[PDB]
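Undergrad: Sharing a structure here in structure tokens format.
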Amino acid sequence: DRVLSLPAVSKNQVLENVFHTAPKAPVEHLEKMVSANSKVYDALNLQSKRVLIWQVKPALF
Amino acid sequence: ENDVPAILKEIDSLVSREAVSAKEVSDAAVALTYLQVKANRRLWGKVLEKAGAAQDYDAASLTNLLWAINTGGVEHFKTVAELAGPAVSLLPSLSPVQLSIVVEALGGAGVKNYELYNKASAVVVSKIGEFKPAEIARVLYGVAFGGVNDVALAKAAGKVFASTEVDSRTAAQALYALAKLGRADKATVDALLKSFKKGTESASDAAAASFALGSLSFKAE
């Protein structure tokens with residue numbers, strides 16, 4: 001019964017309790033806000049090719 | 001050093017920026033009538049785009065704008081009829097020469113604002129000696145073409161047109177206002193037909209008194 005003197009908690013159960021959640025990448029906040037601000041650039045810039053300014057406040061010709 | 005199309009491009013860049021105030025949009029419109037810019041419609045459209053966006057309005061810039069809209073012959077009902085919001089808010093603040101310009105401009109554009117012409121006739125029938133007879137015909141042209149059949153003003157206007165002899169341009173505006181109201185009071189029309197003997201500098205008021213007589217069927221004078 002030498003196995004009953006070993007620590008009963010496995011090496012697996014350490015690695016699943018220590019690394020419980022996959023950690024958040026540092027660049028995940030950049031490349032998710034950049035792709036969402038590329039839609040703020042597109043719609044709202046006045047130099048974008050797809051601006052909303054001509055379909056929101058139309059024109060007066 | 002005398003550049004008209006290079007000063008249109010500097011007015012175009014004044015009203016194409018982001019925060020044009022009331023005074024800058026008013027004076028850009030005044031500069032476009034004195035320069036007689038009927039050919040460029042987009043530049044007149046950029047001014048009336050910022051004329052609806054402008055939120056400040058004092059008594060001076062509203063009347064310089066509305067003079068320039070009426071004199072320049074530029075028509076946009078949505079922009080002009082929302083300039084009656086500043087006008088009813090600035091209505092005690094207006095000079096009697098300034099109140100004649102806003103009602104002649106909002107009336108001549110067809111703005112259906114019964115709260116404006118009721119209060120703007122009440123300052124003419126209360127302070128009638130304060131108003132020059134050219135300023136009574138401007139209010140009378142406004143309240144008539146704004147859809148108000150205000151004969152309390154049309155009587156008080158006729159008391160002035162028989163007491164003071166008026167200009168030919170003043171009388172023909174007063175005839176055009178009475179022709180739309182359809183009044184044909186010969187005690188007032190004949191007081192305005194004696195103003196057309198010193199000659200008329202404009203054809204547009206000789207043509208308008210021509211229309212206003214035949215609409216009431218008086219005769220050619």
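In the structure tokens, the first chain shown is A, the next is B, and so on; residue numbers restart at 1 for each chain, and ligands run from 1 in the order shown.
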Using only C-alpha atoms, which protein or nucleic acid residues come within 6 Å of stretch 96-113 of chain B? Drop anything in the same chain fewer than 6 positions from it, and give the result as a list in words.

TA: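 Counting only C-alpha atoms, the residues come to residues 63, 66, 70, 81, 135, 138, 139, 141, 142, 143, 145 and 146 of chain B.
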
Undergrad: What does the file look like for those residues with C-alpha atoms, as a short mmCIF file (atom, residue, chain, number, x, y, z; two decimals), in the first residue's frame?

TA:
```cif
data_model
loop_
_atom_site.label_atom_id
_atom_site.label_comp_id
_atom_site.auth_asym_id
_atom_site.auth_seq_id
_atom_site.Cartn_x
_atom_site.Cartn_y
_atom_site.Cartn_z
CA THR B 63 -33.24 88.68 -40.63
CA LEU B 66 -34.30 85.52 -44.36
CA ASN B 70 -36.25 85.95 -50.16
CA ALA B 81 -40.39 76.90 -42.27
CA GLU B 135 -42.83 97.79 -43.24
CA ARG B 138 -44.12 93.68 -45.82
CA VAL B 139 -46.12 92.33 -42.89
CA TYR B 141 -47.56 90.52 -47.75
CA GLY B 142 -46.50 87.99 -45.16
CA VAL B 143 -49.76 87.43 -43.30
CA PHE B 145 -49.36 84.71 -48.24
CA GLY B 146 -49.00 82.74 -45.03
#
```

Undergrad: Using 12 Å as the limit and counting only C-alpha atoms, can you tabulate each residue of chain A that touches chain B, with its shortest atom-to-atom distance in Å and the two atoms involved, as a tab-separated table?

TA:
```
residue	atom	partner	partner_atom	distance
A:46	CA	B:18	CA	10.9
A:57	CA	B:49	CA	9.0
A:58	CA	B:49	CA	9.6
A:59	CA	B:45	CA	7.5
A:60	CA	B:45	CA	4.5
A:61	CA	B:42	CA	4.6
```

Undergrad: Produce a file of the selected residues containing N, CA and C atoms, as a compact mmCIF listing (two decimals), in the first residue's frame.

TA:
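The resulting file, selection_12.txt, is reproduced below:
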```
# COMPACT_ATOMS: atom_id res chain seq x y z
N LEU A 46 -16.18 60.86 -43.20
CA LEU A 46 -16.23 61.81 -44.31
C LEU A 46 -15.13 61.60 -45.33
N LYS A 57 -28.23 62.56 -43.69
CA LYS A 57 -28.61 63.94 -43.94
C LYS A 57 -28.37 64.17 -45.41
N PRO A 58 -29.41 64.07 -46.27
CA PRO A 58 -29.20 63.67 -47.67
C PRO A 58 -28.30 64.55 -48.52
N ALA A 59 -28.72 65.77 -48.84
CA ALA A 59 -28.02 66.79 -49.63
C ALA A 59 -29.02 67.90 -49.87
N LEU A 60 -28.56 68.98 -50.47
CA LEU A 60 -29.46 70.00 -51.00
C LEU A 60 -28.83 70.50 -52.29
N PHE A 61 -29.29 69.98 -53.41
CA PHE A 61 -28.73 70.40 -54.67
C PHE A 61 -29.60 71.42 -55.38
```

Undergrad: Write out as a list in words all residues of chain A that DSSP puts in alpha helix (DSSP H) for this structure's backbone.

TA: residues 11, 12, 13, 14, 15, 16, 17, 18, 28, 29, 30, 31, 32, 33, 34, 35, 36, 37, 38, 39, 40, 41, 42, 43, 53, 54, 55 and 56 of chain A

Undergrad: When you look at residue A:55 with a cut-off of 12 Å (counting only C-alpha atoms), what residues show up, excluding the ones that are within fewer than 4 positions of it in the same chain? I need them as a PyMOL selection string.

TA: chain A and resi 43-44+50-51+59

Undergrad: Would you mind listing what lies within 8 Å of residue B:134 as a PDB file with C-alpha atoms, in the first residue's frame, with only C-alpha atoms counted and same-chain residues fewer than 2 positions away left out?

TA:
```
ATOM      1  CA  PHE B 131     -43.794 100.995 -38.464  1.00  0.00           C
ATOM      2  CA  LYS B 132     -42.822 102.729 -41.684  1.00  0.00           C
ATOM      3  CA  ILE B 136     -46.609  97.560 -43.068  1.00  0.00           C
ATOM      4  CA  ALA B 137     -46.773  96.272 -46.647  1.00  0.00           C
ATOM      5  CA  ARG B 138     -44.124  93.676 -45.817  1.00  0.00           C
ATOM      6  CA  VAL B 166     -46.053 105.408 -50.267  1.00  0.00           C
ATOM      7  CA  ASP B 167     -43.352 104.235 -52.633  1.00  0.00           C
ATOM      8  CA  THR B 170     -44.379  99.760 -51.285  1.00  0.00           C
TER       9      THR B 170
END
```

Undergrad: So that I can see what lies close to residue B:155, please list as a list in words the residues with an atom at most 10 Å from it, counting only C-alpha atoms and leaving out residues fewer than 6 positions away in the same chain.

TA: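 Neighbouring residues, sequence-local ones excluded: residues 125, 185 and 188 of chain B.
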
Undergrad: Rounded to one decimal place, report the atom CA of residue B:159-atom CA of residue B:84 distance in Å.

TA: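 Between these atoms lies a distance of 28.5 Å.
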